[PDB]
Amino acid sequence: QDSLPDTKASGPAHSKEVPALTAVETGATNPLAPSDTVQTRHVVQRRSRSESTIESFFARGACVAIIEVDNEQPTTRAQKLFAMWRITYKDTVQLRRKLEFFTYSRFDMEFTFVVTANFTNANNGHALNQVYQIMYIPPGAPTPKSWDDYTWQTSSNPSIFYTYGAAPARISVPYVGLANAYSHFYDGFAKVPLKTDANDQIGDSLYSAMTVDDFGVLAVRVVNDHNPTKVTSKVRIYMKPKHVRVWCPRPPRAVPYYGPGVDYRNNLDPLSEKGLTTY
Amino acid sequence: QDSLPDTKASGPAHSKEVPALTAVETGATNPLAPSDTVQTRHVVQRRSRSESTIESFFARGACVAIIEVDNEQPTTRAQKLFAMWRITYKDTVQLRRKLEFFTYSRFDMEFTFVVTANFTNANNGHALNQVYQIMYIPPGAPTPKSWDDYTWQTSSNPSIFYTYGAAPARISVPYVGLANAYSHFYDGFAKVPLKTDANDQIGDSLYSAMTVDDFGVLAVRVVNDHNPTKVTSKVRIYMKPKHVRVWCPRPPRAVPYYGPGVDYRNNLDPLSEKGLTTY
Amino acid sequence: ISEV
Amino acid sequence: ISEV
Amino acid sequence: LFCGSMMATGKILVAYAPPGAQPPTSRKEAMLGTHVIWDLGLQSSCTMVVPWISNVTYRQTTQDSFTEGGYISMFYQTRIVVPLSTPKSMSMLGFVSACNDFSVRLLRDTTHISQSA
Amino acid sequence: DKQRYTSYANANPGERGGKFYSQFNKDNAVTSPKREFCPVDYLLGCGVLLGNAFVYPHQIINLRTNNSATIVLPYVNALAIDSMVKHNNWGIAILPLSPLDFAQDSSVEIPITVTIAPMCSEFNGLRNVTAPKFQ
Amino acid sequence: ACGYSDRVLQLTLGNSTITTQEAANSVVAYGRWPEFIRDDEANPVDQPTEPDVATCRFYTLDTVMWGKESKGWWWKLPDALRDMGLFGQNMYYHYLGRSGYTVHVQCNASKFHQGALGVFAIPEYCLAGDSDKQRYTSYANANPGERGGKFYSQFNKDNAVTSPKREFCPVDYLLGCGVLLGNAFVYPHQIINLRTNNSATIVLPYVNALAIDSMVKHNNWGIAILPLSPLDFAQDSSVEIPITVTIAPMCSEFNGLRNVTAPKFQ
Amino acid sequence: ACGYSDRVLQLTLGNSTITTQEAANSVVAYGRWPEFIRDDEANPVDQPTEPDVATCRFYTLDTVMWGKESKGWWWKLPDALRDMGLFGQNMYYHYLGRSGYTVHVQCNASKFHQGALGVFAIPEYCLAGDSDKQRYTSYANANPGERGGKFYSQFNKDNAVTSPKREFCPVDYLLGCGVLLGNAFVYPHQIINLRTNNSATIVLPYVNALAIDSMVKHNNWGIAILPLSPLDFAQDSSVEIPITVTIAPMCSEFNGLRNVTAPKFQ
Amino acid sequence: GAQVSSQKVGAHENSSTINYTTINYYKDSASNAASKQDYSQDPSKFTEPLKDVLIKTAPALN
Amino acid sequence: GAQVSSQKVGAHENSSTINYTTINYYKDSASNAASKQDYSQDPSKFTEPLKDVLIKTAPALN
Ligand SMILES: CCOC(=O)c1ccc(OCCCC2CCN(c3ccc(C)nn3)CC2)cc1
Ligand SMILES: CCOC(=O)c1ccc(OCCCC2CCN(c3ccc(C)nn3)CC2)cc1
Ligand SMILES: *C(=O)CCCCCCCCCCCCC
Ligand SMILES: *C(=O)CCCCCCCCCCCCC
């Protein structure tokens, strides 16, 4: 059973006990119930808080990134025959805002990949079905310079080979943090400037940032050799935290995000105009 | 349980026991722990070596070969209507380097096949879905001379018939070595030159090589008869050792591989320049 | 089996 | 069955 | 490992400074961190353990100020002393290995090997 | 305009502390940047609404009720121990929920004094002293 | 059993470890190991600070060179350690402080060198001075810190009356204090004889007429190193070998915390 | 008890005895002592020959001199012993043979000399070669016998295409095989550091992917001796001291007897 | 290894306790689904972090 | 033939021992997955291959 407390029948009062008065200066919220200030009937309560549990609140896969990758003839100028994405929940705003009601979190992560493609140009013949390789490159590993260089051999890095038209790809990741919890907020620096430093660039760091590469990158490419005609594809990444625990609640973001930190820039006016004595 | 040993609380010392001094000439590594030379607190250790187990280190499928095969109209000059690959982990460098931390190994092998295709030319109509045949030819068996000759009948050889677009093909192979272990290194010859030999070519052999065909070949072809237009396909082969055991550790390869043996040629300068008293 |  |  | 002659003597201070301050430039500074004073003699070798002192539970294998390990330095505590007819100069060989509490995680590919097109 | 650009020396005022502002003045001088915080009061200096700051451990010093506030802080972090020179664990924010007023005197001023005690303090990784650069 | 020896020791205190392969056993002054103030010998009522590992570790002082004309070196405790990490900080933030010490003196040479150092730990080492003027050695001069002082072969009376040096004039055969050096052996000591040993290790208890006292006003122990037999090598008339003094505070405790004492050493 | 030591050993095998008064204990490769093929690991069905004392005794190879320019020496087993008495005879009369070994390396000097030898026993020591041509080192060149081979400080590619040397080109810091020498310590080893010890003693088990194999076609163990620290003495720039390698076959057994193998070494 | 639990049945058919079955297929717990049987807690650490916690009918200040 | 084993559970949901089930479908063991429950061993045969193994607080050479 998980239903909320029942309302007790409560009658008239004439007493020295005054629940209605209090002192919020204490730092405390007054524990009052309807029966403390009005006459109440007995209600056998059946409602429950099942859907507002931490797990239930986060139990939804959210779009955190759109990676675009092309499959076309390798010419000699900058192309997108492969692409890389730094893993984060911060390139998007919706899941970021939900996760940020809390300071610290701890969870396993579920990644689901939706892959769509289309023809770029009016006509040059067609394309046989494409297989996509999504490789995880953890910090330290060789990153690709080329869509078919040796790093794609993926001998120790995890890779997903996805076939177009197949059900959206899905993998699971453990809690992988260097700490006992993920910090949604870090009031500090990765380096301290010392008095004895040569230039004062040595000790400089970004405020709020921890490691430079955080959790690494996802390298995406089309394994197919190029057709005569060009195909453009988008890999959409859905993130779901599962087996979740959260600590130290925080006020929700009230103004538009301006980058990875807590910085704000404009639309600093969240609230509407309304008359003091207007319903 | 698999967690590492706990740190013991250790206090001051003034004694005839000197763990800090030793003699590496013995051939031995000094078994010291932080509590032998500094004052330590008691730490209940929970970390474990689960992911650095032999199985876990190798528990990843690595790219060992890219076979290219065409499907087009049989003309009278050298074409690729079928292709053959000698099975080895040495045409690639990543898994080779990992396997070579050890002298001898023993394992079952998992083969996963990723097949991709495309249109070669701008336009001649299109192609109906292709079925690929991957035939294993163990040493001794008749090899194909033609993409549709009698050897492809495969009555006793194992073959995989793969349909384009289907999930990547996967088979498993037992430990198949002539010895009790696979030799990652063989300091010897397959033939000895004798004093009584006619020419001195009779007794000549490649250094480090054992049998001529090692483990045979994979013959790959498109079973479809040719479309009016040409389709080019690549079969990518991923190798994973499983149920693995390894013997006699070796120093990792420090310079680029130059063929199947231990030979080196250039980039013999692995190490960076750094000052002796520079952090 | 394990029935909760 | 065989529960380890 | 001291690889000098048997007639050679000396005392060496070897040290480890946990991260956060100026990397030691003098023995005066190095003295204050974790250290061992090695006295050369019949036991040819000396071992300094660098104890796991970290803020994070796991450090990174790449370079990163946030998960940095600190500094190792060596100094003469007295000096190398030899007699006459003896080499005044000699080699010291160094060795490293993990204590039994060492572990690793997140299998990845190495930058220590590659291949061309 | 620059994100996460507040310099270490500016992020750390020591005993002196910092202040809040009623509105966002963007430090314009691009060429020689102040690399300072611009904490706006109704946004708790961090993009959220101040009225919700009450979810954080707090007290109110309402002059008709009390002289003072006493809050006991545990060590809170994603780690058991960390670098104190690189990282602050707790922030103390004092904001006037209701403005100071007295008699009819339009220029009243009363002192706020903050006294703090470290508790169950422990330290690891001893070596030479860290001397940060605050200039 | 196994292979242990009088000559081979490891001393570990805090994050610091010392090894010696050529020791001559080790001395514990007056048979007493360092210890904290017992409740029944306590006098200041305020709860003590015991910094433990942060202060009770080996601080190594600046090296001094021993050559053929070297007359001798002296140090005072706690003075030599006033500027040593958190020990010095604790010393100057409190009115009161007690501490014992492990003193480790280091001097190696070769089977062909020659010489013997007399290492003596002296309770209340009151030294003599410069002058016609009695008990006139200035605080700043009485306290050299880490640097230590030296001995002289004879008494040079600082003559300049008008602008006095207010310095000590410690004569070697008189142990710098009007007594004969040959009797200094009644004090806790060791000898570093180069054919026998690299080093001396003396463990000092807190010795005083009081359980605890002011460390900034008063030194408890004096360390005197004098060449009982001069340094010599081969035929080279200008040999020089280093003497290094490493010292560790032990069972340190402090009372009477307030603002920091900043003495004037100029 | 009585007076025994890590440093003083006697090794007796067959009619041969070795004494050493300056050893550094001794190594047993991979913790395994040599042993004969067990019935349940046996593969050739014919009754083995076990020559015992006639073959499992210490054969001493030709002495090599270590001087200031010496880059290093290598040997292969069973190859270094192909011409050693009845061991070599048994090796060449049979298709198959297994054997473990006690390797004893000898190098004494004086308390005033200086230098350190790295002695490494390597399973399957595949060395690198001369050429553009891969895996082309000729059998006769791969097998120097007793003579052994040497290391070089750098890779000299044998250029003469037309009439190739088909020789190894073992570079020292790459352990002659494309890996870094500093890691050779994962292999069973000892160090002869002249201030510590006269010699190294390593006991080798038979290591192979098979219980028994052809000794004429295949070497099981490689012995690599490299100067980790160069030889030095007094001020003499041209010092030279002898290195002597003595090896004993152990638990030797042979299968497949027929007419004698006579390889061509020209 | 089949785990059997009860459903909190909302709209009931015209037909009592209904069950659902679960089996974990993978070795790594991260691979697992979410159980969604979650335990609730007191708001006290946020709503009343007082050193002396007081009963609502008495004066908050006294 | 169902084999039931325990998961080493890292991040725990707000809900104890969790299990996973395994069944081999094929006759050939080579066809099987990797169990990944692996036993560890002593480094001794590599770190200390000495004939006379000595205790760390005693002299290595004596
Ligand atoms: C502040 C930024 O975002 C986060 O803090 C945050 C965001 C995501 C997160 O999830 C874990 C990130 C690392 C994962 C990312 C995805 N991984 C993989 C691994 C293999 C494949 C094929 N695909 N994905 C493996 C590691 C953990 C924390
Ligand atoms: C030095 C070279 O590489 C190796 O030593 C090494 C490399 C691979 C290896 O795996 C076993 C090789 C033989 C296998 C290869 C794949 N096999 C098959 C069999 C049937 C099919 C359809 N596909 N593959 C059957 C036999 C065993 C050893
Ligand atoms: C506990 O689970 C024992 C009962 C097993 C019942 C049949 C399981 C059917 C599914 C097989 C799962 C294999 C998962 C890798
Ligand atoms: C042991 O496995 C007995 C219990 C079997 C439970 C049902 C198995 C369901 C899967 C059938 C597997 C057939 C594999 C060839």
# chains A, B, ... in the order shown; residues from 1 in each chain; ligands from 1

$ residues_around --residues "residue 10 (chain I)" --least-positions-apart "6" --cutoff "12 Å" --atoms "only C-alpha atoms" --output "mmCIF file with N, CA, C and O atoms, in the first residue's frame"
data_model
loop_
_atom_site.group_PDB
_atom_site.id
_atom_site.type_symbol
_atom_site.label_atom_id
_atom_site.label_comp_id
_atom_site.auth_asym_id
_atom_site.auth_seq_id
_atom_site.Cartn_x
_atom_site.Cartn_y
_atom_site.Cartn_z
ATOM 1 N N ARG A 46 -7.595 7.378 -0.964
ATOM 2 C CA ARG A 46 -7.042 6.366 -1.853
ATOM 3 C C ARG A 46 -5.997 6.870 -2.853
ATOM 4 O O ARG A 46 -5.267 6.094 -3.476
ATOM 5 N N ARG A 47 -5.874 8.176 -3.035
ATOM 6 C CA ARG A 47 -4.857 8.756 -3.886
ATOM 7 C C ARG A 47 -3.422 8.394 -3.503
ATOM 8 O O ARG A 47 -3.118 8.160 -2.334
ATOM 9 N N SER A 48 -2.474 8.364 -4.427
ATOM 10 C CA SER A 48 -1.094 8.037 -4.079
ATOM 11 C C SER A 48 -0.067 8.841 -4.852
ATOM 12 O O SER A 48 -0.362 9.428 -5.883
ATOM 13 N N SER I 16 -9.884 -9.099 -7.058
ATOM 14 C CA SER I 16 -8.785 -10.088 -7.066
ATOM 15 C C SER I 16 -7.373 -9.645 -7.465
ATOM 16 O O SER I 16 -7.170 -8.629 -8.159
ATOM 17 N N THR I 17 -6.358 -10.420 -7.081
ATOM 18 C CA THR I 17 -4.954 -10.044 -7.357
ATOM 19 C C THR I 17 -4.317 -10.525 -8.673
ATOM 20 O O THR I 17 -4.251 -11.706 -9.011
ATOM 21 N N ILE I 18 -3.828 -9.558 -9.447
ATOM 22 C CA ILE I 18 -3.180 -9.832 -10.720
ATOM 23 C C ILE I 18 -1.676 -9.587 -10.677
ATOM 24 O O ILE I 18 -1.160 -8.583 -10.216
#

$ calpha_fit_and_write --fixed "chain J" --moving "chain I" --output "mmCIF file with C-alpha atoms, in the first residue's frame"
data_model
loop_
_atom_site.group_PDB
_atom_site.id
_atom_site.type_symbol
_atom_site.label_atom_id
_atom_site.label_comp_id
_atom_site.auth_asym_id
_atom_site.auth_seq_id
_atom_site.Cartn_x
_atom_site.Cartn_y
_atom_site.Cartn_z
ATOM 1 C CA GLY I 1 18.945 -26.381 -17.318
ATOM 2 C CA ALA I 2 18.417 -22.726 -16.275
ATOM 3 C CA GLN I 3 21.400 -21.374 -14.379
ATOM 4 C CA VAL I 4 20.647 -18.561 -11.844
ATOM 5 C CA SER I 5 23.355 -16.244 -10.571
ATOM 6 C CA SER I 6 23.715 -12.943 -8.727
ATOM 7 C CA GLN I 7 24.443 -9.539 -10.175
ATOM 8 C CA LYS I 8 27.098 -7.345 -8.574
ATOM 9 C CA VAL I 9 24.704 -4.391 -8.362
ATOM 10 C CA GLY I 10 26.433 -0.986 -8.759
ATOM 11 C CA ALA I 11 23.866 1.929 -8.913
ATOM 12 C CA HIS I 12 20.790 0.849 -6.849
ATOM 13 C CA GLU I 13 17.202 2.010 -7.518
ATOM 14 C CA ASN I 14 15.046 3.349 -4.611
ATOM 15 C CA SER I 15 13.128 0.068 -4.156
ATOM 16 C CA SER I 16 18.959 -6.540 -1.625
ATOM 17 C CA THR I 17 20.073 -9.321 -4.030
ATOM 18 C CA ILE I 18 19.284 -9.215 -7.754
ATOM 19 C CA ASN I 19 19.640 -12.171 -10.094
ATOM 20 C CA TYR I 20 20.051 -13.046 -13.759
ATOM 21 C CA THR I 21 19.153 -16.192 -15.639
ATOM 22 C CA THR I 22 21.172 -18.137 -18.188
ATOM 23 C CA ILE I 23 20.357 -21.064 -20.508
ATOM 24 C CA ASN I 24 22.728 -22.661 -23.050
ATOM 25 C CA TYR I 25 20.883 -23.379 -26.280
ATOM 26 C CA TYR I 26 23.640 -25.238 -28.094
ATOM 27 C CA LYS I 27 25.522 -28.515 -27.716
ATOM 28 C CA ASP I 28 28.974 -27.126 -28.486
ATOM 29 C CA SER I 29 30.607 -25.177 -25.597
ATOM 30 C CA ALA I 30 32.304 -22.865 -28.155
ATOM 31 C CA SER I 31 28.804 -21.530 -28.958
ATOM 32 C CA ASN I 32 28.434 -20.325 -25.397
ATOM 33 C CA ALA I 33 28.594 -16.852 -24.005
ATOM 34 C CA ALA I 34 31.277 -15.723 -21.567
ATOM 35 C CA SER I 35 30.397 -16.300 -17.898
ATOM 36 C CA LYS I 36 32.642 -13.405 -16.679
ATOM 37 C CA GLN I 37 32.803 -14.684 -13.093
ATOM 38 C CA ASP I 38 36.553 -15.017 -13.060
ATOM 39 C CA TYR I 39 39.006 -16.167 -10.492
ATOM 40 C CA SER I 40 42.080 -14.096 -9.665
ATOM 41 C CA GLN I 41 45.545 -15.305 -8.724
ATOM 42 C CA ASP I 42 48.776 -14.443 -6.994
ATOM 43 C CA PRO I 43 51.376 -12.293 -8.854
ATOM 44 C CA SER I 44 54.113 -14.326 -7.085
ATOM 45 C CA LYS I 45 55.264 -16.441 -10.059
ATOM 46 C CA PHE I 46 56.200 -13.165 -11.787
ATOM 47 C CA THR I 47 56.852 -10.745 -8.853
ATOM 48 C CA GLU I 48 58.771 -13.193 -6.633
ATOM 49 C CA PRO I 49 60.146 -16.275 -8.570
ATOM 50 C CA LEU I 50 62.824 -16.781 -5.860
ATOM 51 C CA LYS I 51 64.005 -20.176 -4.689
ATOM 52 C CA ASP I 52 64.340 -18.856 -1.146
ATOM 53 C CA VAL I 53 61.409 -16.422 -0.754
ATOM 54 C CA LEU I 54 62.085 -13.814 1.848
ATOM 55 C CA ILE I 55 59.897 -11.720 4.123
ATOM 56 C CA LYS I 56 59.866 -7.949 3.230
ATOM 57 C CA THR I 57 61.136 -6.608 6.586
ATOM 58 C CA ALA I 58 64.316 -8.714 6.571
ATOM 59 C CA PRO I 59 67.459 -8.017 4.403
ATOM 60 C CA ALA I 60 66.963 -9.142 0.729
ATOM 61 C CA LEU I 61 70.615 -9.981 0.804
ATOM 62 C CA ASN I 62 72.122 -11.723 3.731
#

$ residues_near_ligand --ligand "ligand 1" --cutoff "8 Å" --atoms "only C-alpha atoms and all ligand atoms" --output "mmCIF file with N, CA, C and O atoms, in the first residue's frame"
data_model
loop_
_atom_site.group_PDB
_atom_site.id
_atom_site.type_symbol
_atom_site.label_atom_id
_atom_site.label_comp_id
_atom_site.auth_asym_id
_atom_site.auth_seq_id
_atom_site.Cartn_x
_atom_site.Cartn_y
_atom_site.Cartn_z
ATOM 1 N N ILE A 87 29.621 13.641 -25.062
ATOM 2 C CA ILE A 87 28.434 13.227 -24.323
ATOM 3 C C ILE A 87 28.070 14.178 -23.186
ATOM 4 O O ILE A 87 28.834 14.461 -22.265
ATOM 5 N N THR A 88 26.867 14.715 -23.286
ATOM 6 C CA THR A 88 26.319 15.592 -22.256
ATOM 7 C C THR A 88 24.806 15.704 -22.269
ATOM 8 O O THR A 88 24.178 15.453 -23.297
ATOM 9 N N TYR A 89 24.154 16.094 -21.170
ATOM 10 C CA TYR A 89 22.721 16.409 -21.227
ATOM 11 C C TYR A 89 22.479 17.918 -21.422
ATOM 12 O O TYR A 89 21.361 18.411 -21.289
ATOM 13 N N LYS A 90 23.513 18.706 -21.707
ATOM 14 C CA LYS A 90 23.442 20.167 -21.808
ATOM 15 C C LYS A 90 23.319 20.869 -23.170
ATOM 16 O O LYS A 90 23.373 22.091 -23.256
ATOM 17 N N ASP A 108 22.185 4.770 -13.595
ATOM 18 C CA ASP A 108 22.574 4.083 -14.820
ATOM 19 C C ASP A 108 21.938 4.860 -15.994
ATOM 20 O O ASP A 108 20.932 5.547 -15.828
ATOM 21 N N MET A 109 22.483 4.812 -17.200
ATOM 22 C CA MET A 109 21.938 5.585 -18.305
ATOM 23 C C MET A 109 21.590 4.703 -19.475
ATOM 24 O O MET A 109 22.343 3.808 -19.883
ATOM 25 N N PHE A 111 20.699 4.628 -23.480
ATOM 26 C CA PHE A 111 20.794 5.361 -24.722
ATOM 27 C C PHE A 111 20.068 4.721 -25.880
ATOM 28 O O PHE A 111 20.355 3.579 -26.267
ATOM 29 N N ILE A 134 28.469 3.645 -34.650
ATOM 30 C CA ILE A 134 28.505 4.584 -33.550
ATOM 31 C C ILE A 134 29.561 4.086 -32.556
ATOM 32 O O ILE A 134 29.390 3.087 -31.872
ATOM 33 N N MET A 135 30.731 4.706 -32.544
ATOM 34 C CA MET A 135 31.810 4.306 -31.662
ATOM 35 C C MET A 135 32.010 5.214 -30.451
ATOM 36 O O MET A 135 32.082 6.442 -30.549
ATOM 37 N N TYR A 136 32.113 4.642 -29.250
ATOM 38 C CA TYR A 136 32.414 5.434 -28.087
ATOM 39 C C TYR A 136 33.926 5.566 -27.872
ATOM 40 O O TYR A 136 34.668 4.597 -27.786
ATOM 41 N N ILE A 137 34.388 6.791 -27.781
ATOM 42 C CA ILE A 137 35.794 7.078 -27.544
ATOM 43 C C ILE A 137 35.924 7.714 -26.165
ATOM 44 O O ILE A 137 35.615 8.896 -25.959
ATOM 45 N N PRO A 138 36.330 6.921 -25.150
ATOM 46 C CA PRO A 138 36.508 7.423 -23.802
ATOM 47 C C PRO A 138 37.748 8.306 -23.733
ATOM 48 O O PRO A 138 38.664 8.060 -24.521
ATOM 49 N N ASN A 157 37.351 -0.134 -27.721
ATOM 50 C CA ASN A 157 36.245 0.811 -27.550
ATOM 51 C C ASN A 157 34.932 0.116 -27.841
ATOM 52 O O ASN A 157 34.874 -0.706 -28.753
ATOM 53 N N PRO A 158 33.817 0.417 -27.166
ATOM 54 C CA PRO A 158 32.539 -0.146 -27.554
ATOM 55 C C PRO A 158 32.016 0.536 -28.812
ATOM 56 O O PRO A 158 32.089 1.754 -28.975
ATOM 57 N N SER A 159 31.553 -0.236 -29.775
ATOM 58 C CA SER A 159 30.853 0.277 -30.953
ATOM 59 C C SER A 159 29.482 -0.350 -31.212
ATOM 60 O O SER A 159 29.255 -1.536 -30.926
ATOM 61 N N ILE A 160 28.527 0.425 -31.719
ATOM 62 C CA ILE A 160 27.283 -0.128 -32.213
ATOM 63 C C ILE A 160 27.230 -0.064 -33.733
ATOM 64 O O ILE A 160 27.474 0.967 -34.347
ATOM 65 N N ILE A 171 21.440 0.789 -26.051
ATOM 66 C CA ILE A 171 22.407 0.240 -25.115
ATOM 67 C C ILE A 171 22.241 0.845 -23.715
ATOM 68 O O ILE A 171 21.622 1.892 -23.505
ATOM 69 N N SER A 172 22.845 0.159 -22.756
ATOM 70 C CA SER A 172 22.881 0.589 -21.367
ATOM 71 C C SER A 172 24.278 0.826 -20.822
ATOM 72 O O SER A 172 25.239 0.117 -21.110
ATOM 73 N N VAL A 173 24.405 1.882 -20.025
ATOM 74 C CA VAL A 173 25.673 2.304 -19.430
ATOM 75 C C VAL A 173 25.582 2.347 -17.896
ATOM 76 O O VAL A 173 24.584 2.828 -17.332
ATOM 77 N N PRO A 174 26.558 1.801 -17.161
ATOM 78 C CA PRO A 174 26.605 1.836 -15.705
ATOM 79 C C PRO A 174 26.807 3.226 -15.110
ATOM 80 O O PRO A 174 27.007 4.191 -15.845
ATOM 81 N N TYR A 175 26.781 3.391 -13.768
ATOM 82 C CA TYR A 175 27.170 4.684 -13.175
ATOM 83 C C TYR A 175 28.679 4.839 -13.373
ATOM 84 O O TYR A 175 29.466 4.094 -12.766
ATOM 85 N N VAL A 176 29.139 5.763 -14.208
ATOM 86 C CA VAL A 176 30.570 5.827 -14.526
ATOM 87 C C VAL A 176 31.406 6.973 -13.968
ATOM 88 O O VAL A 176 32.562 7.205 -14.386
ATOM 89 N N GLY A 177 30.854 7.704 -13.007
ATOM 90 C CA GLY A 177 31.521 8.849 -12.419
ATOM 91 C C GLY A 177 32.786 8.606 -11.590
ATOM 92 O O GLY A 177 32.948 7.590 -10.929
ATOM 93 N N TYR A 182 27.295 12.101 -9.437
ATOM 94 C CA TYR A 182 27.492 13.088 -10.487
ATOM 95 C C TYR A 182 27.174 14.477 -9.936
ATOM 96 O O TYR A 182 26.139 14.676 -9.291
ATOM 97 N N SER A 183 28.033 15.456 -10.148
ATOM 98 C CA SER A 183 27.752 16.826 -9.719
ATOM 99 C C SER A 183 27.062 17.597 -10.796
ATOM 100 O O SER A 183 27.631 17.878 -11.853
ATOM 101 N N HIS A 184 25.796 17.937 -10.578
ATOM 102 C CA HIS A 184 25.080 18.779 -11.539
ATOM 103 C C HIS A 184 25.564 20.238 -11.462
ATOM 104 O O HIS A 184 25.321 21.047 -12.346
ATOM 105 N N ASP A 214 35.226 15.462 -19.697
ATOM 106 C CA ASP A 214 34.123 14.891 -18.938
ATOM 107 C C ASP A 214 33.943 13.365 -19.085
ATOM 108 O O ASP A 214 34.527 12.601 -18.326
ATOM 109 N N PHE A 215 33.212 12.881 -20.084
ATOM 110 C CA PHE A 215 32.940 11.473 -20.311
ATOM 111 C C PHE A 215 33.289 10.992 -21.711
ATOM 112 O O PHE A 215 32.875 9.916 -22.153
ATOM 113 N N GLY A 216 34.066 11.732 -22.495
ATOM 114 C CA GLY A 216 34.404 11.323 -23.850
ATOM 115 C C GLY A 216 33.405 11.699 -24.949
ATOM 116 O O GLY A 216 32.513 12.527 -24.829
ATOM 117 N N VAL A 217 33.559 11.053 -26.104
ATOM 118 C CA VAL A 217 32.736 11.332 -27.268
ATOM 119 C C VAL A 217 32.156 10.141 -27.989
ATOM 120 O O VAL A 217 32.630 9.011 -27.872
ATOM 121 N N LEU A 218 31.091 10.400 -28.744
ATOM 122 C CA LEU A 218 30.543 9.415 -29.663
ATOM 123 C C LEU A 218 30.944 9.781 -31.081
ATOM 124 O O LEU A 218 30.692 10.889 -31.562
ATOM 125 N N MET A 239 18.207 9.999 -24.262
ATOM 126 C CA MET A 239 18.825 9.668 -22.985
ATOM 127 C C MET A 239 17.791 9.359 -21.912
ATOM 128 O O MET A 239 16.787 10.070 -21.805
ATOM 129 N N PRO A 260 26.964 26.060 -20.677
ATOM 130 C CA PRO A 260 27.039 24.923 -19.740
ATOM 131 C C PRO A 260 27.009 25.344 -18.283
ATOM 132 O O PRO A 260 26.711 24.559 -17.403
#

$ residues_around --residues "residue 47 (chain F)" --least-positions-apart "4" --cutoff "9 Å" --atoms "only C-alpha atoms" --output "PyMOL selection string"
(chain A and resi 252-257+262-264+268) or (chain F and resi 40+42-43)

$ write_last_selection --atoms "N, CA and C atoms" --output "compact mmCIF listing (two decimals), in the first residue's frame"
# COMPACT_ATOMS: atom_id res chain seq x y z
N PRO A 252 14.32 25.45 -9.55
CA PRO A 252 14.38 25.23 -10.99
C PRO A 252 14.94 26.45 -11.75
N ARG A 253 15.55 26.24 -12.90
CA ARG A 253 16.00 27.33 -13.76
C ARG A 253 14.82 28.23 -14.15
N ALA A 254 14.90 29.53 -13.85
CA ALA A 254 13.82 30.47 -14.15
C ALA A 254 14.03 31.37 -15.37
N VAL A 255 15.24 31.41 -15.88
CA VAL A 255 15.56 32.22 -17.06
C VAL A 255 16.30 31.39 -18.11
N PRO A 256 16.29 31.67 -19.42
CA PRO A 256 16.97 30.82 -20.38
C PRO A 256 18.43 30.55 -20.15
N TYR A 257 18.80 29.29 -20.29
CA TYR A 257 20.19 28.86 -20.17
C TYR A 257 21.13 29.59 -21.12
N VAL A 262 26.04 28.27 -14.99
CA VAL A 262 24.78 28.86 -14.52
C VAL A 262 24.52 30.24 -15.11
N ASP A 263 25.39 30.69 -16.02
CA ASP A 263 25.27 32.01 -16.59
C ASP A 263 23.98 32.35 -17.30
N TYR A 264 23.58 33.59 -17.04
CA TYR A 264 22.43 34.16 -17.71
C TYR A 264 22.83 35.36 -18.53
N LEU A 268 15.62 37.99 -18.64
CA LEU A 268 15.71 37.93 -17.18
C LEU A 268 14.42 38.36 -16.46
N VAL F 40 22.61 38.80 -9.67
CA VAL F 40 21.39 39.62 -9.55
C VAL F 40 20.49 39.12 -8.40
N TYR F 42 17.00 39.07 -7.28
CA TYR F 42 15.82 38.22 -7.43
C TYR F 42 16.03 36.92 -8.20
N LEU F 43 17.21 36.76 -8.77
CA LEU F 43 17.59 35.53 -9.43
C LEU F 43 18.61 34.68 -8.65
